[PDB]
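Novice: Structure below; questions to follow.
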Amino acid sequence: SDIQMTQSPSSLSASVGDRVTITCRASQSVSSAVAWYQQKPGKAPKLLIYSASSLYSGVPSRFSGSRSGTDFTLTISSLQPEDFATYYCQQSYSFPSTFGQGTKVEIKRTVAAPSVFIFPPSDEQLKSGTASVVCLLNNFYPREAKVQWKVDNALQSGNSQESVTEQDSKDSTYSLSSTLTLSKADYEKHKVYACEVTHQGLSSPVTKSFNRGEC
Amino acid sequence: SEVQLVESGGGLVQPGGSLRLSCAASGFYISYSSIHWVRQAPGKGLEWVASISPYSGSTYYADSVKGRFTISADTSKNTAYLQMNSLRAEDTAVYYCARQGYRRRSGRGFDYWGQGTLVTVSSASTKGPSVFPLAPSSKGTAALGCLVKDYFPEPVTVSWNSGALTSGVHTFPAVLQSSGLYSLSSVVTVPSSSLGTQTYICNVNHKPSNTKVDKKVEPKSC
RNA sequence: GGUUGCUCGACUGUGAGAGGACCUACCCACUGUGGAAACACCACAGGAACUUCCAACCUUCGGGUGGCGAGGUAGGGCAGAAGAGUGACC
């Protein structure tokens, strides 16, 4: 039977200099064969704690492990901005080894309104019959934002896709790229393409826009 | 320290097929340590895969791969291998290699990791990205970028001006076009003045296709 | 013929709480620390406790020293001994 590592919270937003506690509960006694890792996006994991309480060589003293029965708890006394990371527990007391589902941490800063620009599809693209309109929301916070495409003042729906950067660990902010996509024919049917951003830092919804053709 | 781990042998693979991932050890000899594979499906979490034991070559498997994967090591070559047969879609992941440290120092922690090789089990075929330019405008800084459209599989890489332009650059994570292909775009912001005098090229590399594209990004032509 | 000493002894024994600690070698084991060591291989320390014992060594005979894997397989130790003798004595 597999020892389960059940770790909560799934996610944690907190202020710089807060105390953050992440908990992991092993379905069976695993002695102190528990270790804690810090993984930042696209990087390989890094080791933090290794005998449920023992701080790995070089790890800042603000990190610390702890066992209580089958409850293991990592603990950062004061968040630094760099500590933005998904944290995992692992049990290595039996085979198969087992990891927690991990806990994504976020920085917290004052409000930053998005910078907004809009990009009309490039001339090379339209030759090949495709037509992507891109809208950029730059260096804002908090990430919760609402982008709305209007084509000749028609709200679009189901033809936009967006992706978001992680928290720039120096900036503690976000950027978003919402991309409207159409056939060349659908593009050539409408003059005005507008991108309507609503964000907490903006007291009023900011719209950048263009007309098809203007030089 | 010189302690390093280098995975290799991943990539696009049809369902039902096989791969053999390699892990190349640099700063230490693997014969004195326990060596483990750990994978991570995209934006999911860490999953333990297999491990082999020093001095005994005892091998231990995750049950989701048991009998389809095999772990091993060649002392002489200071390499550890992982033979993956009869792969399925969910085998898709970055497959990491890690050294269980020396007990006196780090207990049973995994104290060195590779950068992991990405394994992409699918039948859909490789395509390289059309690269389009996101031209700037008026209104003291503006933004320009590149659109990396309709490629597969991940990853592409974007650098600006051959890596000389690093500051202010946001390369968005690909999203999955309904074509199954990937699209993404990269953007940098620059003070408006540089427009007329500063050459701005993004550099786009999609190794799965062997596609390298350099797109000079210039302002509105008129 | 008793009786009883003396010697060679087939062979059986080593008895577990109201009572079992003899030695050695191989194998096979059980438990923890350590060996760049989660298992395997290695070295080492240990077989719950209180007790029981001295087959072992030392003694001034007061007592002391040392000693437990109830695993097999063999060689011995110690205890009997059926049988052989063999005396003394009646």
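Each chain in the structure tokens gets a letter, A, B, ..., in the order shown, and its residues are numbered from 1; ligands are numbered from 1 in order too.
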Distance cut-off 7 Å, counting only C-alpha atoms (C1' of nucleotides) - which residues of chain B neighbour chain C? Return them as a ChimeraX atom specification.

Specialist: /B:32-33,56,58,102

Novice: Those residues with N, CA, C and O atoms, as a PDB file, in the first residue's frame please?

Specialist:
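See part_35.pdb below for the written result:
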ATOM      1  N   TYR B  32      28.593   5.603  -5.459  1.00  0.00           N
ATOM      2  CA  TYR B  32      28.462   5.740  -4.013  1.00  0.00           C
ATOM      3  C   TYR B  32      27.124   6.328  -3.571  1.00  0.00           C
ATOM      4  O   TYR B  32      26.864   6.426  -2.364  1.00  0.00           O
ATOM      5  N   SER B  33      26.272   6.707  -4.507  1.00  0.00           N
ATOM      6  CA  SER B  33      25.013   7.339  -4.196  1.00  0.00           C
ATOM      7  C   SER B  33      23.889   6.502  -4.782  1.00  0.00           C
ATOM      8  O   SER B  33      24.098   5.626  -5.629  1.00  0.00           O
ATOM      9  N   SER B  56      24.188  -2.428  -4.623  1.00  0.00           N
ATOM     10  CA  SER B  56      23.311  -3.582  -4.796  1.00  0.00           C
ATOM     11  C   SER B  56      22.568  -3.587  -6.108  1.00  0.00           C
ATOM     12  O   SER B  56      22.119  -4.663  -6.530  1.00  0.00           O
ATOM     13  N   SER B  58      19.769  -2.759  -6.678  1.00  0.00           N
ATOM     14  CA  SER B  58      18.362  -2.952  -6.386  1.00  0.00           C
ATOM     15  C   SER B  58      17.551  -1.863  -7.076  1.00  0.00           C
ATOM     16  O   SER B  58      17.869  -0.674  -6.947  1.00  0.00           O
ATOM     17  N   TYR B 102      24.608  12.344   0.457  1.00  0.00           N
ATOM     18  CA  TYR B 102      25.304  11.448   1.369  1.00  0.00           C
ATOM     19  C   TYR B 102      24.662  11.550   2.752  1.00  0.00           C
ATOM     20  O   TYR B 102      24.597  12.639   3.337  1.00  0.00           O
TER      21      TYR B 102
END

Novice: Would you mind writing down, as a PyMOL selection string, each residue of range 112-191 of chain B that DSSP on the backbone assigns to strand (DSSP E or B)?

Specialist: chain B and resi 112-113+117-121+127+130-134+141-152+157-160+165+169-171+175-176+182-191

Novice: Determine, using only C-alpha atoms, which residues of chain B have any atom at most 9 Å from an atom of chain A, and tabulate each with its shortest atom pair and distance in Å to one decimal place, rows ordered by chain and then rising number, as a Markdown table.

Specialist:
| residue | atom | partner | partner_atom | distance |
| --- | --- | --- | --- | --- |
| B:44 | CA | A:101 | CA | 8.1 |
| B:45 | CA | A:101 | CA | 5.7 |
| B:46 | CA | A:99 | CA | 6.4 |
| B:47 | CA | A:99 | CA | 6.6 |
| B:48 | CA | A:97 | CA | 6.0 |
| B:49 | CA | A:96 | CA | 8.2 |
| B:50 | CA | A:96 | CA | 8.0 |
| B:60 | CA | A:95 | CA | 6.7 |
| B:61 | CA | A:96 | CA | 6.5 |
| B:62 | CA | A:96 | CA | 5.5 |
| B:63 | CA | A:96 | CA | 7.5 |
| B:96 | CA | A:44 | CA | 7.8 |
| B:105 | CA | A:56 | CA | 8.1 |
| B:106 | CA | A:50 | CA | 5.9 |
| B:107 | CA | A:50 | CA | 5.8 |
| B:108 | CA | A:50 | CA | 6.5 |
| B:109 | CA | A:50 | CA | 5.0 |
| B:110 | CA | A:47 | CA | 6.8 |
| B:111 | CA | A:47 | CA | 5.8 |
| B:112 | CA | A:46 | CA | 7.5 |
| B:113 | CA | A:44 | CA | 6.2 |
| B:114 | CA | A:44 | CA | 6.6 |
| B:115 | CA | A:44 | CA | 5.6 |
| B:116 | CA | A:44 | CA | 7.4 |
| B:130 | CA | A:125 | CA | 8.7 |
| B:131 | CA | A:125 | CA | 8.8 |
| B:132 | CA | A:122 | CA | 6.3 |
| B:133 | CA | A:122 | CA | 6.0 |
| B:134 | CA | A:119 | CA | 6.2 |
| B:135 | CA | A:119 | CA | 6.9 |
| B:136 | CA | A:119 | CA | 7.5 |
| B:137 | CA | A:119 | CA | 8.7 |
| B:142 | CA | A:117 | CA | 8.0 |
| B:143 | CA | A:117 | CA | 7.3 |
| B:144 | CA | A:119 | CA | 8.4 |
| B:147 | CA | A:134 | CA | 9.0 |
| B:170 | CA | A:165 | CA | 7.4 |
| B:171 | CA | A:165 | CA | 7.9 |
| B:172 | CA | A:165 | CA | 5.9 |
| B:173 | CA | A:163 | CA | 6.2 |
| B:174 | CA | A:163 | CA | 7.3 |
| B:175 | CA | A:163 | CA | 6.6 |
| B:177 | CA | A:161 | CA | 8.6 |
| B:184 | CA | A:163 | CA | 8.4 |
| B:185 | CA | A:177 | CA | 7.9 |
| B:187 | CA | A:136 | CA | 8.8 |
| B:220 | CA | A:215 | CA | 7.1 |
| B:221 | CA | A:215 | CA | 7.8 |
| B:222 | CA | A:215 | CA | 5.5 |

Novice: Can you tell me, as JSON, numbers by chain, what residues are no more than 12 Å from residue 45 in chain C when counting only C-alpha atoms (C1' of nucleotides), ignoring any on the same chain fewer than 6 positions away?

Specialist: {"C": [31, 32, 33, 34]}

Novice: What's the 8 Å shell around residue 205 in chain B, counting only C-alpha atoms (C1' of nucleotides), without same-chain residues fewer than 4 positions away, as a ChimeraX atom specification?

Specialist: /B:156-158,210-213

Novice: Any chance you could list, as a VMD selection string, the residues in range 1-108 of chain B that come up helix (DSSP H, G or I) when DSSP is run on the backbone?

Specialist: chain B and resid 30 to 32 89 to 91 103 to 106

Novice: Find the spatial neighbours of residue 50 in chain C, counting only C-alpha atoms (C1' of nucleotides), within a cut-off of 12 Å - ignore same-chain residues fewer than 2 positions away - and output them as a list in words.

Specialist: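 Once the nearby chain positions are removed, what remains is residues 17, 48 and 52 of chain C.
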
Novice: Can I get the selected residues back with N, CA and C atoms (P, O5', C5', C4', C3', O3' and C1' of nucleotides), as a PDB file, in the first residue's frame?

Specialist:
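As a result, result23.pdb now contains:
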ATOM      1  P     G C  17       9.978 -24.815  33.371  1.00  0.00           P
ATOM      2  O5'   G C  17      10.546 -24.066  34.661  1.00  0.00           O
ATOM      3  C5'   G C  17      10.332 -24.580  35.970  1.00  0.00           C
ATOM      4  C4'   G C  17      10.029 -23.473  36.956  1.00  0.00           C
ATOM      5  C3'   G C  17       8.767 -22.662  36.647  1.00  0.00           C
ATOM      6  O3'   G C  17       7.872 -22.473  37.777  1.00  0.00           O
ATOM      7  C1'   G C  17      10.690 -21.226  36.680  1.00  0.00           C
ATOM      8  P     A C  48      16.014 -11.871  24.945  1.00  0.00           P
ATOM      9  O5'   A C  48      16.133 -10.706  26.025  1.00  0.00           O
ATOM     10  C5'   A C  48      16.215  -9.347  25.619  1.00  0.00           C
ATOM     11  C4'   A C  48      15.323  -8.447  26.448  1.00  0.00           C
ATOM     12  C3'   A C  48      15.458  -8.552  27.962  1.00  0.00           C
ATOM     13  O3'   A C  48      16.572  -7.847  28.487  1.00  0.00           O
ATOM     14  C1'   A C  48      13.172  -8.555  27.385  1.00  0.00           C
ATOM     15  P     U C  52      18.852 -17.147  41.722  1.00  0.00           P
ATOM     16  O5'   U C  52      18.896 -18.562  40.975  1.00  0.00           O
ATOM     17  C5'   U C  52      17.765 -19.425  40.951  1.00  0.00           C
ATOM     18  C4'   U C  52      17.943 -20.548  39.955  1.00  0.00           C
ATOM     19  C3'   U C  52      19.354 -21.102  39.808  1.00  0.00           C
ATOM     20  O3'   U C  52      19.723 -22.027  40.808  1.00  0.00           O
ATOM     21  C1'   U C  52      18.481 -20.685  37.674  1.00  0.00           C
TER      22        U C  52
END

Novice: Give me, please, the distance in Å between CA of residue 82 in chain B and CA of residue 28 in chain B, quoted to one decimal.

Specialist: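 Separation of CA of residue 82 in chain B and CA of residue 28 in chain B: 19.7 Å.
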
Novice: Just checking: using only C-alpha atoms, which residue out of B:67, B:168, B:57, B:27 ends up closest to residue 141 in chain B?

Specialist: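 When distances to residue 141 in chain B are compared using only C-alpha atoms, the smallest one comes from B:168.
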
Novice: Could you state the separation of CA of residue 182 in chain A and CA of residue 130 in chain A in Å, given to one decimal place?

Specialist: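 Separation between CA of residue 182 in chain A and CA of residue 130 in chain A: 6.7 Å.
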
Novice: Considering only C-alpha atoms (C1' of nucleotides), state which residue in the set A:153, A:148, A:94, A:207 is at the smallest distance from chain C.

Specialist: A:94

Novice: Report the distance between CA of residue 1 in chain A and CA of residue 64 in chain B in Å, rounded to one decimal place.

Specialist: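 Value for the CA of residue 1 in chain A-CA of residue 64 in chain B distance: 13.4 Å.
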
Novice: Write out as a list in words each polymer residue whose atoms come within 12 Å of residue 74 in chain C, counting only C-alpha atoms (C1' of nucleotides); drop sequence neighbours fewer than 4 positions from it.

Specialist: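 The contact residues come out as residues 24, 25, 26 and 27 of chain C.
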